[PDB]
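Let me begin by presenting the structure, written as structure tokens, before commenting on it.
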Amino acid sequence: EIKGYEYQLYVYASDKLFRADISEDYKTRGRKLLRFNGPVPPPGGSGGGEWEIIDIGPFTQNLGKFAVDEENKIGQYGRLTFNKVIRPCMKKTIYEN
Amino acid sequence: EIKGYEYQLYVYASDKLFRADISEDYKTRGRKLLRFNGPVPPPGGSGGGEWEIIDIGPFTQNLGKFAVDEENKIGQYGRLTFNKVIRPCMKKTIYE
Ligand SMILES: [Mg+2]
């Protein structure tokens, strides 16, 4: 049976974007702020669309390897070694309108 | 009808966690790194569970208000005024 939930929210406050991580008890509906960090970059890039959770199989792992390979051309964090992609992996599909 | 895709990935590299935002064009299949940011905290808390996208209706807006009200007790960023929660909003279900 459900023990509770964790939520990850992108919340604007004072015109700035933050990531908030919240825990919630199923039985009491009592809530806890786990983390509040930012400002964070907005999700996505261009175009409207709907977000979905996808699995983290080989295709998603190779997207992570792509991202690290590209970042290593930039070098902002030094030379990085890809380890793995973790859940959740989110995908937005953008339809031409 | 499909223009392309965007991905938001949590990727460990050199044992540090980063958020990577990637675009993919449907017609060319080309991929672009939009943003790479971190180190970031891992999503969720301890314990496993399954993630889903939820809507940003009143329940979700009130979670955002909860968060801003709580953060305003500490004040690491000063005093904040809640504006809104945007998409995507993610929910992880934890089972007993
Ligand atoms: Mg959907």
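Residue names in the structure tokens use chain letters A, B, ... in the order shown, residue numbers from 1 in each chain, and ligand numbers from 1 in the order shown.
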
What's the 6 Å shell around segment 27-43 of chain A, counting only C-alpha atoms, without same-chain residues fewer than 5 positions away, as a PyMOL selection string? chain A and resi 17-22

Expected file: the selected residues, N, CA and C atoms, as an mmCIF file, in the first residue's frame:
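Done, and the output landed in selection.cif:
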data_model
loop_
_atom_site.group_PDB
_atom_site.id
_atom_site.type_symbol
_atom_site.label_atom_id
_atom_site.label_comp_id
_atom_site.auth_asym_id
_atom_site.auth_seq_id
_atom_site.Cartn_x
_atom_site.Cartn_y
_atom_site.Cartn_z
ATOM 1 N N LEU A 17 13.109 31.209 -10.845
ATOM 2 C CA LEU A 17 12.692 29.815 -10.928
ATOM 3 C C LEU A 17 13.519 28.921 -10.007
ATOM 4 N N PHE A 18 12.823 28.145 -9.166
ATOM 5 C CA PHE A 18 13.454 27.239 -8.225
ATOM 6 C C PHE A 18 12.946 25.816 -8.408
ATOM 7 N N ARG A 19 13.791 24.856 -8.031
ATOM 8 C CA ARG A 19 13.390 23.460 -7.929
ATOM 9 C C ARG A 19 13.082 23.171 -6.463
ATOM 10 N N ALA A 20 11.868 22.714 -6.201
ATOM 11 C CA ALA A 20 11.461 22.299 -4.862
ATOM 12 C C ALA A 20 11.187 20.804 -4.844
ATOM 13 N N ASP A 21 11.720 20.129 -3.830
ATOM 14 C CA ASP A 21 11.506 18.706 -3.632
ATOM 15 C C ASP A 21 10.706 18.555 -2.344
ATOM 16 N N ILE A 22 9.542 17.908 -2.434
ATOM 17 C CA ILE A 22 8.584 17.811 -1.331
ATOM 18 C C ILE A 22 8.205 16.355 -1.072
#

Neighbours of chain B in chain A at 8 Å, counting only C-alpha atoms, as a ChimeraX atom specification: /A:1-15,20-23,33-34,36,43-45,51-53,64,67-68,70-71,80-97

Those selected residues, please, written with C-alpha atoms and delivered as a compact mmCIF listing (two decimals), in the first residue's frame.
# COMPACT_ATOMS: atom_id res chain seq x y z
CA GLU A 1 0.00 0.00 0.00
CA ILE A 2 1.07 3.57 -0.65
CA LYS A 3 3.27 5.06 2.09
CA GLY A 4 3.52 8.51 0.54
CA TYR A 5 4.77 10.60 -2.34
CA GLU A 6 7.71 12.73 -3.37
CA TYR A 7 7.17 15.67 -5.69
CA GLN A 8 9.62 17.63 -7.81
CA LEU A 9 8.30 21.09 -8.66
CA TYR A 10 9.55 24.01 -10.77
CA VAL A 11 8.22 27.01 -8.86
CA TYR A 12 8.58 30.69 -9.62
CA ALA A 13 8.93 32.92 -6.58
CA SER A 14 9.90 36.59 -6.75
CA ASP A 15 10.19 36.18 -10.53
CA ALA A 20 11.46 22.30 -4.86
CA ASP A 21 11.51 18.71 -3.63
CA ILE A 22 8.58 17.81 -1.33
CA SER A 23 7.67 14.68 0.64
CA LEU A 33 10.22 20.46 2.22
CA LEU A 34 13.23 18.30 1.41
CA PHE A 36 14.66 24.19 -2.37
CA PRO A 43 12.70 23.03 -18.50
CA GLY A 44 12.85 22.52 -22.25
CA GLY A 45 14.06 24.67 -25.12
CA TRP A 51 6.12 15.82 -21.02
CA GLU A 52 6.28 12.09 -20.37
CA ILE A 53 8.45 9.80 -18.26
CA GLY A 64 23.54 10.65 -21.44
CA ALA A 67 25.44 14.92 -23.35
CA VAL A 68 28.72 14.28 -21.55
CA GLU A 70 29.17 17.45 -25.89
CA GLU A 71 29.84 19.05 -22.52
CA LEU A 80 34.02 14.48 -17.29
CA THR A 81 33.61 10.71 -17.43
CA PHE A 82 30.13 9.37 -18.16
CA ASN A 83 28.78 7.04 -15.45
CA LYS A 84 25.04 6.52 -15.98
CA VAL A 85 21.63 8.15 -16.47
CA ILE A 86 19.24 7.79 -13.54
CA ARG A 87 15.48 8.08 -13.20
CA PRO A 88 13.45 10.06 -13.91
CA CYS A 89 14.10 10.60 -17.60
CA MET A 90 11.66 13.08 -19.11
CA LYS A 91 10.77 13.52 -22.78
CA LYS A 92 8.76 16.31 -24.39
CA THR A 93 7.31 15.82 -27.86
CA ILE A 94 6.88 19.02 -29.85
CA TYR A 95 4.29 19.03 -32.61
CA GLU A 96 4.53 21.39 -35.57
CA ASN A 97 1.53 23.72 -35.44

As a PyMOL selection string, please: all residues of chain A that backbone DSSP puts in alpha helix (DSSP H). chain A and resi 58-74

Counting only C-alpha atoms and all ligand atoms, figure out which residue out of B:73, B:29, B:55, B:78 gets nearest to ligand 1.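 Of all the options, B:55 lies closest to ligand 1.
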
Members of chain B assigned strand (DSSP E or B) by DSSP, as a ChimeraX atom specification: /B:2-13,16-25,31-37,50-54,76,78,82-95

Just the selected residues (C-alpha atoms), exported as a CSV table (one decimal), in the first residue's frame, please.
chain,number,residue,atom,x,y,z
B,2,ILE,CA,6.3,16.2,-35.3
B,3,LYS,CA,8.9,18.9,-35.0
B,4,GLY,CA,11.2,17.2,-32.5
B,5,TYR,CA,11.8,16.2,-29.0
B,6,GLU,CA,13.4,17.6,-25.9
B,7,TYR,CA,14.9,15.5,-23.1
B,8,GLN,CA,15.7,16.3,-19.5
B,9,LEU,CA,18.2,13.8,-18.1
B,10,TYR,CA,19.9,13.3,-14.7
B,11,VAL,CA,23.3,12.1,-15.6
B,12,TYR,CA,26.2,11.1,-13.3
B,13,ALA,CA,29.6,12.0,-14.8
B,16,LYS,CA,28.7,14.1,-9.8
B,17,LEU,CA,25.1,14.5,-10.8
B,18,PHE,CA,24.1,16.9,-13.6
B,19,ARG,CA,21.0,18.0,-15.3
B,20,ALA,CA,21.3,17.8,-19.1
B,21,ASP,CA,18.7,19.3,-21.5
B,22,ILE,CA,18.9,17.9,-25.0
B,23,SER,CA,17.0,18.6,-28.2
B,24,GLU,CA,16.4,16.2,-31.1
B,25,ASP,CA,15.1,17.2,-34.5
B,31,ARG,CA,20.8,16.3,-31.4
B,32,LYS,CA,21.9,19.4,-29.6
B,33,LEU,CA,23.0,19.9,-25.9
B,34,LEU,CA,20.9,22.9,-24.8
B,35,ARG,CA,22.1,23.1,-21.2
B,36,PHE,CA,24.3,21.1,-18.8
B,37,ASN,CA,24.1,22.2,-15.2
B,50,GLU,CA,7.9,5.0,-9.9
B,51,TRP,CA,7.8,8.5,-11.4
B,52,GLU,CA,4.9,10.1,-13.2
B,53,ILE,CA,4.0,13.5,-14.7
B,54,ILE,CA,1.1,15.2,-13.0
B,76,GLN,CA,18.7,31.6,2.5
B,78,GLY,CA,15.6,36.3,1.6
B,82,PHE,CA,5.0,32.7,-4.7
B,83,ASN,CA,4.2,33.2,-8.4
B,84,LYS,CA,3.3,29.8,-9.9
B,85,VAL,CA,4.3,26.2,-10.5
B,86,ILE,CA,5.1,25.5,-14.1
B,87,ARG,CA,5.3,22.2,-16.1
B,88,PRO,CA,6.5,19.6,-15.7
B,89,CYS,CA,5.5,18.5,-12.2
B,90,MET,CA,6.7,15.1,-11.3
B,91,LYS,CA,5.4,12.7,-8.6
B,92,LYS,CA,7.1,9.6,-7.2
B,93,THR,CA,4.9,7.1,-5.4
B,94,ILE,CA,6.5,5.3,-2.5
B,95,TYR,CA,5.0,2.0,-1.4

So the first atom is atom CA of residue 46 of chain A and the second is atom CA of residue 28 of chain B; what is the distance between them in Å, to one decimal place?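 Taking atom CA of residue 46 of chain A as the start and atom CA of residue 28 of chain B as the end point, the length is 16.6 Å.
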